[PDB]
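Undergrad: Questions regarding the structure given below will be posed in turn.
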Amino acid sequence: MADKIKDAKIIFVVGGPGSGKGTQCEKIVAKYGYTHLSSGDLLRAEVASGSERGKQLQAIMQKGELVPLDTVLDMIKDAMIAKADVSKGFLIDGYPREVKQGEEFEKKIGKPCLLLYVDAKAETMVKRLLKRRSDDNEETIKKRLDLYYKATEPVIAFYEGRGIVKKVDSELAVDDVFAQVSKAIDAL
Ligand SMILES: Nc1ncnc2c1ncn2[C@@H]1O[C@H](COP(=O)(O)OP(=O)(O)OP(=O)(O)OP(=O)(O)OP(=O)(O)OC[C@H]2O[C@@H](n3cnc4c(N)ncnc43)[C@H](O)[C@@H]2O)[C@@H](O)[C@H]1O
């Protein structure tokens, strides 16, 4: 499974809170059949388990802060292994969010062939979150934004240098955004 995974198409999806990551990923799953792994969903699944670990994660995520790298990466890796036998490709949604998170993923799992940069303005994100969990109040949204611009924007730079970033314009209507997404995936 390790080797299957290292040989799979691996797509990173990066974007600010409320930018449209999950929305576009669900469209990618429906059309292309990738195995969707949301870091948020995996973390919230742990919270919902009622485990002691979940309670810890709850406290972190409700404050809008980043969970320890090893915790989220281990979750994803295990999730990839469990799906490795049946998976046609992996869609990694909301990881990496730090340059170090990308590096450790490449060390422990494999190399991305594509990064979809789901690009939107902060203002757009804020109103999208507002119009739509426990991380939803004003203060938390701001911390989430802060962290994104501080920690996660360097990830885009990293993979632009790698040469695998395709920017999609998330200010467009969802289907027009997806048309950009499709163009990038069809090219793989
Ligand atoms: N790697 C990691 N390392 C450490 N900690 C981590 C971590 N990953 C997660 N965590 C922790 O978990 C927390 C949650 O993170 P996480 O769940 O991973 O990311 P998020 O950005 O907070 O997720 P969102 O669902 O809020 O945003 P989204 O981009 O998916 O937008 P969506 O498609 O739903 O859309 C939002 C709204 O906008 C609408 N919408 C989407 N696109 C459009 C469009 N084009 N036009 C109009 N409306 C649109 C949608 O219908 C919807 O209503 C993190 O803060 C962190 O604490």
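The way I read the labels, and the way they are meant: chains A, B, ... in the order of the structure tokens, residue 1 as the first residue of every chain, and ligand 1 as the first ligand shown, with later ones counted on from there.
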Kindly provide, as a ChimeraX atom specification, all nucleotide and amino acid residues lying within 7 Å of ligand 1, counting only C-alpha atoms and all ligand atoms.

TA: /A:15-24,38-41,43,60-61,64-69,72,93-97,128-129,131-132,144,170-174,177

Undergrad: Write out as a ChimeraX atom specification all residues of chain A that DSSP puts in helix (DSSP H, G or I) for this structure's backbone.

TA: /A:2-6,21-32,39-49,52-61,69-83,99-108,122-131,138-162,174-186

Undergrad: Can you pull out every residue within 12 Å of residue 187 (chain A), counting only C-alpha atoms, but drop anything in the same chain fewer than 2 positions away, and send it as a PDB file with N, CA and C atoms, in the first residue's frame?

TA:
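Produced file around00.pdb, reproduced below:
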```
ATOM      1  N   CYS A 113       1.165  15.581  -7.552  1.00  0.00           N
ATOM      2  CA  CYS A 113       1.372  15.856  -8.974  1.00  0.00           C
ATOM      3  C   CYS A 113       0.690  17.164  -9.365  1.00  0.00           C
ATOM      4  N   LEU A 114      -0.090  17.717  -8.445  1.00  0.00           N
ATOM      5  CA  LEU A 114      -0.902  18.880  -8.748  1.00  0.00           C
ATOM      6  C   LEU A 114      -1.340  19.530  -7.455  1.00  0.00           C
ATOM      7  N   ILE A 164       3.715  22.864  -9.850  1.00  0.00           N
ATOM      8  CA  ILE A 164       2.519  22.017  -9.961  1.00  0.00           C
ATOM      9  C   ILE A 164       1.245  22.734  -9.544  1.00  0.00           C
ATOM     10  N   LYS A 166      -1.937  24.991 -10.003  1.00  0.00           N
ATOM     11  CA  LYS A 166      -2.910  25.591 -10.885  1.00  0.00           C
ATOM     12  C   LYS A 166      -3.855  26.430 -10.031  1.00  0.00           C
ATOM     13  N   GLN A 180     -12.305  25.407 -14.433  1.00  0.00           N
ATOM     14  CA  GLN A 180     -10.858  25.596 -14.295  1.00  0.00           C
ATOM     15  C   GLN A 180     -10.211  24.376 -13.638  1.00  0.00           C
ATOM     16  N   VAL A 181     -10.843  23.886 -12.574  1.00  0.00           N
ATOM     17  CA  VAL A 181     -10.434  22.657 -11.891  1.00  0.00           C
ATOM     18  C   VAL A 181     -10.329  21.489 -12.869  1.00  0.00           C
ATOM     19  N   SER A 182     -11.364  21.302 -13.684  1.00  0.00           N
ATOM     20  CA  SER A 182     -11.380  20.214 -14.665  1.00  0.00           C
ATOM     21  C   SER A 182     -10.241  20.324 -15.669  1.00  0.00           C
ATOM     22  N   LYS A 183     -10.008  21.534 -16.170  1.00  0.00           N
ATOM     23  CA  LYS A 183      -8.935  21.747 -17.130  1.00  0.00           C
ATOM     24  C   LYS A 183      -7.595  21.267 -16.554  1.00  0.00           C
ATOM     25  N   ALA A 184      -7.356  21.578 -15.283  1.00  0.00           N
ATOM     26  CA  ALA A 184      -6.109  21.195 -14.638  1.00  0.00           C
ATOM     27  C   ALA A 184      -6.004  19.681 -14.454  1.00  0.00           C
ATOM     28  N   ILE A 185      -7.104  19.046 -14.071  1.00  0.00           N
ATOM     29  CA  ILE A 185      -7.082  17.601 -13.836  1.00  0.00           C
ATOM     30  C   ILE A 185      -6.984  16.829 -15.164  1.00  0.00           C
TER      31      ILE A 185
END
```

Undergrad: Go through A:59, A:37, A:1, A:157 one by one, measure the shortest atom-to-atom distance of each to residue 91 (chain A) using only C-alpha atoms, and give the residue with the smallest value.

TA: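 Of A:59, A:37, A:1, A:157, the one nearest residue 91 (chain A), counting only C-alpha atoms, is A:37.
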
Undergrad: Of the residues A:120, A:109, A:145, A:8, which is the one nearest to residue 73 (chain A), using only C-alpha atoms?

TA: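 When distances to residue 73 (chain A) are compared using only C-alpha atoms, the smallest one comes from A:109.
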
Undergrad: Of the residues A:102, A:119, A:10, A:92, which is the one nearest to residue 167 (chain A), using only C-alpha atoms?

TA: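 The closest residue to residue 167 (chain A) is A:119.
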
Undergrad: May I have all residues of chain A that DSSP, computed from the backbone, assigns to strand (DSSP E or B), given as a count of residues only?

TA: 24

Undergrad: Looking at A:116, A:99, A:45, A:2, which one is nearest to residue 75 (chain A), with distances taken over only C-alpha atoms?

TA: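 Between A:116, A:99, A:45, A:2, the residue approaching residue 75 (chain A) most closely is A:45.
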